[PDB]
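Right, one structure below, let's go through it.
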Amino acid sequence: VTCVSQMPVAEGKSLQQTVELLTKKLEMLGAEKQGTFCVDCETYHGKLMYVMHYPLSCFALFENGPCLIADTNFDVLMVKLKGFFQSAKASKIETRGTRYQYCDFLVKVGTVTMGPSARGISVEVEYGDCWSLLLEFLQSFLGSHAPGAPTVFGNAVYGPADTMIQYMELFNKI
Amino acid sequence: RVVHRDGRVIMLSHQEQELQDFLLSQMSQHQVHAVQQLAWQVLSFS
Amino acid sequence: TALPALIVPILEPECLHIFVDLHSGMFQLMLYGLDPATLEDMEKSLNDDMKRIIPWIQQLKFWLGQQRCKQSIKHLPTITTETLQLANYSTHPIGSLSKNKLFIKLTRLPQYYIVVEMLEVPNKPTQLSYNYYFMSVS
Amino acid sequence: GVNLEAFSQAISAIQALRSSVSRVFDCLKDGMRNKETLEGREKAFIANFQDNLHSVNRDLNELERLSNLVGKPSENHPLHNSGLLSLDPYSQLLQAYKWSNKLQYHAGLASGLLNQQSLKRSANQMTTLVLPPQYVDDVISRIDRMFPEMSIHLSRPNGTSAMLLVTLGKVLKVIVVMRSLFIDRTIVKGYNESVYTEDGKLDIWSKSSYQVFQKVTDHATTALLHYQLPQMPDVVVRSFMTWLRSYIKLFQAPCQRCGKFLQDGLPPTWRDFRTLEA
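Protein chains in written order, with UniProt numbering: chain A, 3 to 47, 60 to 67, 71 to 145, 152 to 178, 182 to 200; chain B, 501 to 539, 544 to 550; chain C, 439 to 451, 456 to 580; chain D, 8 to 96, 104 to 140, 153 to 304.
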């Protein structure tokens, strides 16, 4: 279902220009503006915050997606433990970007936050496995990439909103 | 929306459905095919 | 015109009805068909300027011509598109904003079929004479 | 298992093992009648010799053979022989054992050739095609549930007509609301988009999906409108179930690449492939 994101393998020019070329290729494929989203990140010495689609925020050091409430429910907990668990170091980079839809799918590319950051892309699926066919789409998008590495052998099944943990892997690339 | 055999969905208006006549012609042809299969059966070049 | 509001044709045969908001400005309109959330821009333009009508007229002409084409060709096995998506040898085809249809029953994609009506008919807001051209690229 | 039938082919194999060598010596029974074109005739001899290699292949044929042996040797067949002389005048039954099989096998051809029917008419020769008893529905439900790994359920909250839902490996459940006997007017969705257990308040219709299964729903409607045989509604619903079973994988993509559209499926020919091409 929720396919994992991928690092921006394409790196031959300006990151902004690279994202622009990727979006131009996507438009050449043929899509429509489905809005713009973001992916936040806040580390606390290591609970890593997150936000995606979208009326719900998430934060987890190592858990199977314990988030089912809005940021307010979580931000209040953080503010309450201002000296107990508040270990907010230098603000972790957070990406953003528009999202388009070729056909019956969704695409989303990321952006840099401080400037020397990545601009990776993320895609998902609509089935419940089936990692083979979804790769073909990316074959039409770029060259060899997207190793995936999902939580295989679980279907704790279908990885519902657990892909944010995979998003943490993208945060590891720094 | 309508599907005869192959998911041929088309949109239309209040009083424009003359495709029915085309369906009648195709049904006539298919009936010729069927009766040929009944009684020497020619190929399926219809 | 009519009793509730006015009426304007787009072709020379039904479509493109426009009425007025009896409680405010920005008189609405609705052409039976497709392309939603796009006519709203036309609505805004008429509400603001009320002068620029003929560009939307030509646009609606193109749109409904292509719509009629597709609605009549959608009985045989085919598929529609908006461009050939490959201008390899930009020498054979030439023209303007056009349409294109393809087919499966003969083969996957041996030869597409790009077609365009002869827009801007002489002294005729309609009847673009529907020019036809065949191509044999692969 | 049923691999024993393979040994039958092996029989024919060793048959050639005889014929081959005969075909050898027969070829040596006479010389060149009139070549006049080439000396491949002698090579022709070696040609027959080549077929002798087939014999070695027979020995290879045993590699795939010998899967496993079944318990209780003799398979309860000669138990009748253990009877006294009184039982021996009984082989007749065994003969019928084959005969009955032949019967079925005969029908296996006959019914097959019955496919080409000759019913020039089907009316003006008589009734109540709609099944009166509200128990044959449960019978068909049980027959369908006899199929493994494919669960079927039904509640029928609307009334006399039949209403049912089916689930598969994925969450692409199918809701079929049809008349008393034959299946018609069904729909499909995926991932709780229908949730026809207690949708809103009950097994709702909602006539919707996110533009992925709609084509599959239309194709299933077409299949229902096409498989409506004049009689034997059980056969009709069984064919419908078999057709539905063909989507349990959604993995392959022949006669095209897996990028033509959202998905690909139209198997009325007992085999799925790239859609929008038939």
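Positions of the beta carbon are idealized from the N, C-alpha and C atoms, including for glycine.
Residue closest to residue i, alpha-carbon to alpha-carbon, out of the options
i                     : options                                       : result
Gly-507 (chain C)     : C:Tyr-575, C:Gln-569 and C:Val-579            : C:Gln-569
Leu-196 (chain A)     : A:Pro-186, A:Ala-169 and A:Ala-182            : A:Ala-169
residue 452 (chain C) : C:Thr-480, C:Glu-482 and C:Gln-509            : Chain C lacks coordinates between 451 and 456, the interval that contains residue 452 (chain C).
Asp-88 (chain A)      : A:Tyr-71, A:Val-21, A:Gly-100 and A:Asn-81    : A:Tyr-71
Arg-135 (chain D)     : B:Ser-525, B:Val-535, B:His-514 and B:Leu-523 : B:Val-535
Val-446 (chain C)     : C:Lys-516, C:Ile-495 and C:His-517            : C:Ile-495
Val-3 (chain A)       : A:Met-194, A:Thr-115 and A:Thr-174            : A:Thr-174
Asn-530 (chain C)     : C:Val-462, C:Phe-461, C:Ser-580 and C:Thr-439 : C:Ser-580
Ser-74 (chain D)      : D:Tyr-222, D:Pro-174 and D:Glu-12             : D:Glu-12
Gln-513 (chain C)     : B:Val-532, B:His-504, B:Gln-529 and B:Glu-516 : B:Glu-516
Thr-128 (chain A)     : A:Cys-5, A:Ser-7, A:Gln-18 and A:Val-6        : A:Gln-18
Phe-14 (chain D)      : D:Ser-27, D:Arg-65 and D:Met-39               : D:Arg-65
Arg-113 (chain A)     : A:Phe-39, A:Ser-16 and A:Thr-20               : A:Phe-39
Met-468 (chain C)     : C:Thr-523, C:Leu-481, C:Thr-549 and C:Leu-548 : C:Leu-481
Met-66 (chain A)      : A:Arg-116, A:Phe-79 and A:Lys-199             : A:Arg-116
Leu-255 (chain D)     : D:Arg-171, D:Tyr-161, D:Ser-93 and D:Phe-208  : D:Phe-208
Between the CA atoms of residue j and residue i - distance to the nearest angstrom
i                     : j                 : result
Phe-176 (chain A)     : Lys-112 (chain D) : 49 Å
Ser-167 (chain D)     : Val-197 (chain D) : 20 Å
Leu-190 (chain D)     : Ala-304 (chain D) : 30 Å
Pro-552 (chain C)     : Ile-536 (chain C) : 20 Å
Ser-466 (chain C)     : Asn-489 (chain C) : 11 Å
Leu-31 (chain A)      : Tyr-119 (chain A) : 7 Å
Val-156 (chain D)     : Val-183 (chain A) : 44 Å
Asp-229 (chain D)     : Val-502 (chain B) : 25 Å
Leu-502 (chain C)     : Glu-450 (chain C) : 14 Å
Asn-88 (chain D)      : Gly-8 (chain D)   : 25 Å
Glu-175 (chain D)     : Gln-131 (chain D) : 35 Å
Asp-210 (chain D)     : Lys-286 (chain D) : 30 Å
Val-63 (chain D)      : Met-577 (chain C) : 59 Å
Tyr-46 (chain A)      : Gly-185 (chain A) : 25 Å
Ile-201 (chain D)     : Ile-448 (chain C) : 44 Å
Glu-46 (chain D)      : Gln-22 (chain D)  : 30 Å
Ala-249 (chain D)     : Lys-27 (chain A)  : 39 Å
residue 543 (chain B) : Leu-476 (chain C) : Coordinates for residue 543 (chain B) are absent; the numbering of chain B skips from 539 straight to 544.
residue 103 (chain D) : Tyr-222 (chain D) : Any question about the placement of residue 103 (chain D) has no answer from these coordinates, since chain D jumps from 96 to 104.
residue 543 (chain B) : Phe-266 (chain D) : A break in chain B separates 539 from 544, and the residue in question, residue 543 (chain B), sits inside that break with no coordinates.
Per-residue contacts from residue i into chain B (C-beta, under 7 Å)
i                 : result
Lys-516 (chain C) : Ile-510
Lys-241 (chain D) : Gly-507
Residue span of the alpha helix (DSSP H) that contains residue i, given as start and end
i                 : result
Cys-34 (chain D)  : 11 to 35
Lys-99 (chain A)  : That residue, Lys-99 (chain A), is in no alpha helix (DSSP H); it is neither H nor E in DSSP.
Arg-168 (chain D) : 162 to 171
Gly-126 (chain D) : 105 to 127
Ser-265 (chain D) : 259 to 271
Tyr-193 (chain A) : 189 to 198
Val-535 (chain B) : 519 to 538
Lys-486 (chain C) : 481 to 490
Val-214 (chain D) : Note, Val-214 (chain D): premise wrong, no alpha helix (DSSP H); beta strand (DSSP E) at 212 to 214.
Within chain D, the residues that residue i reaches when beta carbons sit closer than 8 Å
i                 : result
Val-532 (chain B) : Simply none; closest approach about 15 Å.
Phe-160 (chain A) : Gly-285
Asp-521 (chain B) : Under the 8 Å cutoff, chain D gives no residues; its nearest Cβ is about 20 Å from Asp-521 (chain B).
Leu-538 (chain B) : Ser-132 and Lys-134
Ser-163 (chain A) : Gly-285
Listed by chain order, chain A residues near residue i by CB distance under 9 Å
i                 : result
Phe-287 (chain D) : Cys-120 and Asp-121
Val-238 (chain D) : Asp-121 and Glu-143
Contact set between residue i and chain C, taken where Cβ atoms lie within less than 8 Å
i                 : result
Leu-302 (chain D) : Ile-521 and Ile-546
Contact set between residue i and chain B, taken where Cβ atoms lie within less than 9 Å
i                 : result
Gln-513 (chain C) : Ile-510, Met-511 and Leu-512
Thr-295 (chain D) : The contacting residues do not exist; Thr-295 (chain D) stays about 13 Å from chain B at best.
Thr-248 (chain D) : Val-503, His-504, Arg-505, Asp-506 and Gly-507
Chain A contact residues for residue i, given Cβ-Cβ distances below 8 Å
i                 : result
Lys-196 (chain D) : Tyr-144 and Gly-145
Amino acids of chain D, ordered along the chain, whose beta-carbon sits closer than 7 Å to that of residue i
i                : result
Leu-31 (chain A) : Neighbours of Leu-31 (chain A) on chain D: none; closest Cβ ~10 Å, over 7 Å.
Start and end residues, beta strand (DSSP E) containing residue i
i                 : result
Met-140 (chain D) : No beta strand (DSSP E) holds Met-140 (chain D); DSSP gives it neither H nor E.
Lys-233 (chain D) : Careful: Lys-233 (chain D) lies outside any beta strand (DSSP E) and carries neither H nor E.
Heavy atom of the ligand MG within 6 Å of residue i beta-carbon
i                 : result
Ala-529 (chain C) : The ligand MG is not part of this structure, which contains no ligands at all.
*Counting Cβ pairs closer than 8 Å, one from the segment 11 to 25 of chain A and one from the segment 128 to 136 of chain A, do we hit at least three?*
Touching, per the Cβ criterion.
*Can you find at least 3 beta carbon pairs, one from the segment 23 to 36 of chain D and one from the segment 50 to 59 of chain D, that sit closer than 8 Å?*
yes
*asked:* When you compare the segment 185 to 192 of chain A with the segment 75 to 92 of chain A, are there three or more beta-carbon pairs, one atom per stretch, that lie closer than 8 Å?
replied: The segment 75 to 92 of chain A and the segment 185 to 192 of chain A touch, with three or more beta-carbon pairs separated by less than 8 Å.
*Does the count of Cβ pairs from the segment 243 to 251 of chain D and the segment 99 to 117 of chain A closer than 8 Å reach three?*
no
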